[PDB]
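Okay, so here's just one chain, in structure tokens, the form deposited in one PDB entry.
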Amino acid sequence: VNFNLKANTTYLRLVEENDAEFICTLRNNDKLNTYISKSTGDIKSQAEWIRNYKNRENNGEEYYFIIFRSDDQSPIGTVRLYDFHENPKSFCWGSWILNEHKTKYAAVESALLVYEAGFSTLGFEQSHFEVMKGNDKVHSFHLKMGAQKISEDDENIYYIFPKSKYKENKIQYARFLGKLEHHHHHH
């Protein structure tokens, strides 16, 4: 598989070992890491993590992306598809982080491109993810895009996002993915 994920103000490309420093700094930013897993601040350890990730990637088991800002080709975050299962075909996503240099709507763009990757490039039927209780605006983002709370525990709310909502959204969110081929005009 190779991916061609590009939206209006952002694009994605697969993580390499050399992204270790950017990732370490991102994930150890205390403004950003309130609701994600603790991870090493050691560049070589993060390089190690990426090396193992690359084996999972070579086997079609995981795809991990740096998010970039299109205007200056500068890195603005991460996102990951992982933990694949069957009956029905399901993928998780997460590791979803954008820094201060993000474009205003990078969150909308990157989510949409994740669902491009999962449902159309990779053929999944269903997406699973969770969000910490307390991460209020993230809950509110996913509900708005059409995710459904399946359930919960002491830490998380658990969601699914169906392929049907992705397709059904592709028209509605088309302005985020590219230049419109034609624009609505009212008389």
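Only the largest set of C-alpha atoms that superpose within 1.5 Å between the two forms is called the rigid core. The numbering used is simple: start at 1 and walk along the sequence shown. Shifts are known only where both forms have a C-alpha.
Beyond the structure shown, there is the form deposited in another entry, which is absent from this document and is the topic of what follows.
Once the core is superposed between the shown form and the other one, every option in 44, 144, 137, 31 stays below 2 Å in C-alpha shift except 31. Inter-residue distance, residue 36 to residue 66 (Cα): increased by at least 3 Å in the other form versus the depicted form.
Figure legend: C-alpha atoms of residue 112 and residue 34, shown here, are separated by at least 3 angstroms more in the other form. Core-superposed comparison between the shown form and the other one: residues with C-alpha shifts of 2 Å or more form a single run of three or more, at 30 to 41.
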